[PDB]
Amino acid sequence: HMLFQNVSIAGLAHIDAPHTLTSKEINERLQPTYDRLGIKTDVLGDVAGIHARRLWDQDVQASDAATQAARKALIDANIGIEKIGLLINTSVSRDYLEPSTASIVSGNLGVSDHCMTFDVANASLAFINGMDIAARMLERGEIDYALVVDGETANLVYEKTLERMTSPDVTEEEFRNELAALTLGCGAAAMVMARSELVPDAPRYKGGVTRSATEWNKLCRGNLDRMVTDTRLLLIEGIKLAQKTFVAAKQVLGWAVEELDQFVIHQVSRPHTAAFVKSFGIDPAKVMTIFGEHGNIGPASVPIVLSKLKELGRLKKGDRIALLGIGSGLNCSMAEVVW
């Protein structure tokens, strides 16, 4: 069913950004605005369910964060950069409109003049898009190894959003529109993929399915210093698209929820995740969450969670792992890894 054959995960790593910014600290700054607007509940901690997120230093570029994750992934795969035939950067954050962030990461790492490099961008689903693009090359044997890399920077969005929200003249509409920006987090991930013949004991990536609802492309719009979001509609329409995607997953992947061992789900908030889980009858014990302390790390979130599961010893040979995400667009992808 066009599922990938002989494509494996040779190496995986994540980077947690070092600086903790608490929702309590945020609420401190926003309190005069809350009081003016008559907001009496903690919409960050109690409603969204986010208690903290991580930020980098101000001088860290997306390419820097991605470079860090990539070096750690190369070590996990026990290979040198000279073996990499393809490097794709999947992040929402970017250094410049041009050149690609991939070219910057590739120069930092010292790839060879045979290495193919470029960025893919697609909100929170891009890492999975990157894995599929690499998989198609690896399956046909065009390359032996690929790197998929992703660094996210939320520093500037916090800095400018907080300034706008605490201005004496901010409107209730603008405040509500920008609030979800304060659920984002910094972080990075990278994966080394390989032809299975080279790594017979490595986990296998099978791919999976994708569905879209691009008529909803206005729901969440972001730039370096601003994100505007219709949270209510994003939930309702996101969930509808996921159910459609699940029907497809059952068809091509043969999925039955009680037969899956882990669900690695992109997270936009605690209620969004709860609605998702309840929708498909998923065992909550099978769903790791880092949103509470890391917020939403965009397209890095899924591979960060998978890396964290690996490091926690939660994954064992033969485990069936579902990668699931809804991304601004809207887009929804569901794929399988067999550990």
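Start at 1 with the first residue shown and count on from there.
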{"property": "Given 27-35 and 301-309, the range whose Cα B-factors average higher in the PDB entry", "result": "27-35"}
{"property": "Comparing 250-258 with 88-96, the one whose average Cα B-factor in the PDB entry is higher", "result": "250-258"}
{"property": "Out of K218, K160, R71, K240, residue topping the C-alpha B-factor column of the entry", "result": "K240"}
{"property": "Which of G151, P200, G130, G185 ranks first by CA B-factor in the deposited coordinates", "result": "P200"}
{"property": "Third assignment of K83 from its chain's C-alpha B-factors", "result": "highest"}
{"property": "Where the record places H51 (Cα B-factor, split into thirds across the chain)", "result": "middle"}
{"property": "CA B-factor ranking of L12, expressed as a third of its chain", "result": "middle"}
{"property": "Chain thirds of CA B-factor: placement of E139", "result": "middle"}
{"property": "Lowest, middle or highest third - CA B-factor, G45", "result": "middle"}
